[PDB]
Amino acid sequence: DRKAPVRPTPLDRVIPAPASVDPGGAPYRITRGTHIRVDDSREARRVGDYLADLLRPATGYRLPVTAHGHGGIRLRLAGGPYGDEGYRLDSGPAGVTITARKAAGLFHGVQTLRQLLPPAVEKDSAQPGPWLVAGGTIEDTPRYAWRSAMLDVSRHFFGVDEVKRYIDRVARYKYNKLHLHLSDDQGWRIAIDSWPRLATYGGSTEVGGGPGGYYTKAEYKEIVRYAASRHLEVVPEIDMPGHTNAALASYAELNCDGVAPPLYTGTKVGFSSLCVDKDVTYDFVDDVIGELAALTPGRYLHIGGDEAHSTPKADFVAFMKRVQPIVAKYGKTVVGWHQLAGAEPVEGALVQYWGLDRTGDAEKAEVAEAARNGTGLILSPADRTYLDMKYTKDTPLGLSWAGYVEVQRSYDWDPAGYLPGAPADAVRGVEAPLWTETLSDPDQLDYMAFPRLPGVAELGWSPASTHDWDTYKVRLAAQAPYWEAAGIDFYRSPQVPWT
């Protein structure tokens, strides 16, 4: 009965592991007459409508959302110790109530609710259920505030609808930030009015050749809006001064020798550089950052900084000294890859650590030192949470430069004690990046993102006391019939005892 169990899933069998699970009593059962009762506010109705949309196809129930009466599913905003993102979920014969201080907390409780319901909830046509929700109480708040997924749309372009699909994948696991890698050597993916060839020329291809693509400002705004409705803050990245061939190919004047390189369709890294010694470089960066900041309601702007291997170290330092303030000039907080730690992060900056177990002590120390100097740390180790990395030598997609990363390796660590010498309170959270050198359609993104994506979300969300591979893998195994019913391809790791 994998597909429609006789009994409800246990209250604690959700990912991320909730901070507190107190099972008891009889379950709630959704039936054809169940109403979704919300507060009389637009933002409460928005979460109710989102929930109703998730449940209508598989139940075939009306599930009206209203602000009157005693509905069997109640979403309510109230004072409580749940913070900006936490919630309480109460379940029993009298109904399900999700209580939070903010809409994002109600939204997170909905993500829990959809895992308490059975896998048939994922289907697009009406199903018998039964639509049971285990009885008891869950109280849940996040460990870290930076819980991020990245999608590379530079190596292969993914359009608005494909990004919305990826957004809905990550929303399941309470990620709250979406990092978009909007430019690299093989593509420039955001239209800039002051430099119109970036998109029309630099966006014209991708890895492997053929058509590429880019977002108009209207499309980018729609991605941001859709992400916001799934409580994801969009963090855009324009990588500089390396990984810049698409821009360089578009404007001859940006290049050291004044010659535009060809458009690049390979998969090498490290070979491109903005010209640090030319004034037009900083006009360009200021134009791009200013236009991107105007489209970005979130707090953060990512300037990259990785693999500027055609930029001599002293020039990289000078470049970063000059461009970091452009970000604050347009009202945003700088984020960069942890190479920025070698180039004097400005106050308030965060750096994203993509090192590995084998990274040298000196490099780790430079990052721990920036943490001591007040730089926030985002942890996305390339041998842990890079979702493009192969599971084993036989994986048919992805890369292997960081070694192989099976499911247990991806999950089985503690952000608080990961980087030697780094103060635990400098760790802002975690990110799971999905690079797309090898991935050109949404099914391939699913196969590499799943099943490690929920594990990185748990590292960002769950208390360290709940962390345990042997019991986590049981909760992970339980996702198989959900993913199967939803059409989500995933790697059936032999480490996981799949349901």
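Sequential numbering from 1, following the sequence displayed.
- Look at the C-alpha B-factors of 2-10 and of 489-497. On average they run higher in 2-10.
- For the two regions 18-26 and 473-481, the entry's Cα B-factors average higher over 18-26.
- Looking only at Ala78, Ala246, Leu387, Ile378, the residue with the top Cα B factor in the deposited structure is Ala78.
- When the C-alpha B-factors of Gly213, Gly304, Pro130, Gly398 are read from the PDB record, the largest value belongs to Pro130.
- When the modelled residues of the chain are ordered by their C-alpha B factor, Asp446 lands in the lowest third.
- For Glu431, the recorded CA B-factor ranks within the lowest third of the chain. Only modelled residues enter the ranking.
- Annotation for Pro196: CA B-factor lies in the highest third of the chain's modelled residues.
- In the deposited entry, the Cα temperature factor of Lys332 sits in the middle third of values across the chain's modelled residues.
- In this PDB entry, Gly95 carries a Cα temperature factor that places it within the highest third of its chain's modelled residues.
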